[PDB]
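In the block that follows, a single chain appears as structure tokens, in the form deposited without the named molecule.
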């Protein structure tokens, strides 16, 4: 059975399981089950499933070099699919809540879940909470007798917490740290002193890399009972490195990729986000260019947003991206080589993850 096909068939099984359990144990009625079914489909499907499929791809790599009965191969693949959906549902939780938090309009060329006429923020915040609760229901049901259940739940929790901390780093990236105070309305920074590569690296590390790369790779190892085939410090170092490049790609696209291709209108400039473009620009601009940046950043006014985009285009950030990319390619290659010592199989899965990121 083809990988994607198996993955999508497991979604249907998981959905039927969750919805039946709501009927048999939670006294749900058909209309509320239908609402939750549509919520699940609208928030979980439509993407590329890169995170979920990485779990499956990692498990597939190990099956090719390990002796198992056919029933065990089927069990491992089914577990990798459930594991993959746990991450997809975790991401769905993040996207639903992030969209509400940011007042976002579109997500994947469709309205944000909370903007659906029969949803509203009052329901959507709770819908987002349910999405994350379902990841745990999945784990406890499907992995009840598995030796990896403990490690898997512990990893999932640590990743989820790191991601929430990352979201806090992201939402507060445009204010002066020394001014943070629940009692006082937060002014946007005027000096941009915290728009540095190391501060940018911290936001990205926590907000994206743990759930997008570390969690699918390690979950693939856990379901395969293969964590001994790797040096965990290398897995962490390669996940953070690929994850950072992925976010740099996200940041560049928000500013220059057409809204129809991106699936929404990018607002990082208006939002005064600490993006790779803002940081890199400030790392090479002259005094006059820094003044022009300060006068126009973090403003809704389309004329001010156009000035910032013009500063980025004239600063030749395309060259800085090419240099950054060459250094990442270099470091990713080094780590893949280091991973080959313990597992050529896992190194290959990482090579495929990198290829899919670099070529997207």
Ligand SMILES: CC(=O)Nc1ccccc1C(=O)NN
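Positions refer to the first chain, counted from 1.
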275-283 versus 211-219 - greater average Cα B-factor per the deposited record: 275-283
Higher-scoring stretch by recorded Cα B factor average, 164-172 or 194-202: 194-202
From 37, 310, 51, 68, residue of greatest CA B-factor: 310
147, 128, 182, 258, ranked by C-alpha B-factor: the highest one: 258
For residue 20, the third of its chain into which the C-alpha B factor falls: middle
Chain-relative CA temperature factor third for residue 266: highest
Relative C-alpha B-factor of residue 57, binned into the chain's lowest, middle or highest third: middle
Residue 317 CA temperature factor, ranked by third within the chain: highest
Within-chain third of residue 31 by Cα B-factor, per the entry: middle
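Only in words, not in the display: the form solved in complex with the named molecule, which the text now covers.
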Open or blocked, the named molecule overlaid from its pose in the bound PDB entry onto this form, 2.4 Å backbone/C-beta test: open
Contact of residue 238 with the named molecule in the bound PDB entry (heavy atom, 4.5 Å): no
In the bound PDB entry, residue 334 touching the named molecule (heavy atom, 4.5 Å): no
Touches the named molecule in the bound PDB entry: residue 256 (any heavy atom, 4.5 Å): yes
4.5 Å heavy atom contact, residue 36 and the named molecule in the bound PDB entry: no
The named molecule in the bound PDB entry - contacting residues of 262-297, heavy atom within 4.5 Å: 276, 277
